[PDB]
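Enquirer: Have a look at this one before I ask anything.
Positions of Cβ are backbone-derived with ideal geometry, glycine not excepted, and every protein chain shown enters the neighbour counts. Nothing in this text is a laboratory measurement; each read-out follows from the coordinates by a stated rule.
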Amino acid sequence: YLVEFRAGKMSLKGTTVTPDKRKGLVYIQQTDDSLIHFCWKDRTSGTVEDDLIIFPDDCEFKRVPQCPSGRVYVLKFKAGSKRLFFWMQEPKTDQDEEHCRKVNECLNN
């Protein structure tokens, strides 16, 4: 994996963005066709539930500022305003911003 870190996901439940409680792993992998996949894996089951091919400039990964936990990040698509939300699961917050920087580097490089 190019980048990996502990994080939960969220889903739209009707109109409502709803955090998924499961322990998860976000990772980015380059496949042998040279494409870049942004993925989310359920740590308990091992199942990869999300696998998105991302090209440079498609996305920006960013902290969501108004969340009091400070742990919520969004993968925002520049075309269509599609958004995927994640919440950091490492117990200390020290590495959150570095994980975020590494995501943007891997996707845009």
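Enquirer: Filter the stretch 37-55 down to the residues that are touching a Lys or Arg at 6+ places or on another chain (Cβ under 6 Å) and exposed (fewer than 14 other Cβ atoms within 10 Å of the Cβ) and list them by number. Spell out the reasoning first.
Expert: Filtering the stretch 37-55 for residues touching a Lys or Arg at 6+ places or on another chain (Cβ under 6 Å) gives 40, 42-43, 48.
Of everything in the stretch 37-55, just one residue is touching a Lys or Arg at 6+ places or on another chain (Cβ under 6 Å) and exposed (fewer than 14 other Cβ atoms within 10 Å of the Cβ), namely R43.
Conditions tested, residue by residue: (1) among the charged types (D, E, K, R); (2) out of contact with any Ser or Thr (no Cβ under 8 Å at 6 or more places or on another chain).
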| residue | (1), (2) |
| --- | --- |
| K23 | yes, no |
| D51 | yes, yes |
| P56 | no, yes |
| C59 | no, yes |
| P65 | no, yes |
| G80 | no, yes |
| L84 | no, yes |
| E90 | yes, yes |
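Enquirer: Are any residues in the stretch 57-88 touching a residue at least 40 places away in the same chain (Cβ under 8 Å), in contact with a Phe, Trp or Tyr (Cβ under 8 Å, 6 or more places away or on another chain) and under 19 Å from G24 (Cα atoms), and if so, which ones? Write out each step before concluding.
Expert: In the first step, residues of the stretch 57-88 are kept if they are touching a residue at least 40 places away in the same chain (Cβ under 8 Å); the result is 57-61, 73, 84-88.
From what's left, in contact with a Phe, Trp or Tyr (Cβ under 8 Å, 6 or more places away or on another chain): 58-59, 61, 73, 85-88.
Hits for the stretch 57-88 are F61, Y73, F85, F86, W87, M88.
Enquirer: Residue by residue through the stretch 22-36, note down the ones that are without any contact (Cβ under 8 Å) to a residue 24 or more places away in the chain, surrounded by fewer than 17 Cβ atoms within 10 Å (Cβ to Cβ) and within 15 Å of the chain's Cα centre (by Cα). Outline the logic, then answer.
Expert: Taking the stretch 22-36 and keeping what is without any contact (Cβ under 8 Å) to a residue 24 or more places away in the chain, we get 22, 25, 31-35.
Now drop any that are not surrounded by fewer than 17 Cβ atoms within 10 Å (Cβ to Cβ), which leaves 22, 31-35.
Across the stretch 22-36, the qualifying residue is only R22.
Enquirer: Next question. Residue under question is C100, and the condition is that it be touching a residue at least 24 places away in the same chain (Cβ under 8 Å) and touching a helix residue (DSSP H, G or I) at 6+ places or on another chain (Cβ under 8 Å); does it hold? Steps first, answer last, please.
Expert: Numbers: touching a residue at least 24 places away in the same chain (Cβ under 8 Å): yes; touching a helix residue (DSSP H, G or I) at 6+ places or on another chain (Cβ under 8 Å): no.
No.
Enquirer: Right, here's the next one. Determine whether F5 is touching a strand residue (DSSP E or B) at 6+ places or on another chain (Cβ under 8 Å), farther than 23 Å from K92 by Cβ and touching a residue at least 12 places away in the same chain (Cβ under 8 Å). It would help to see each step written out before you state the result.
Expert: Values: touching a strand residue (DSSP E or B) at 6+ places or on another chain (Cβ under 8 Å): yes; farther than 23 Å from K92 by Cβ: no; touching a residue at least 12 places away in the same chain (Cβ under 8 Å): yes.
No: the conditions fail for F5.
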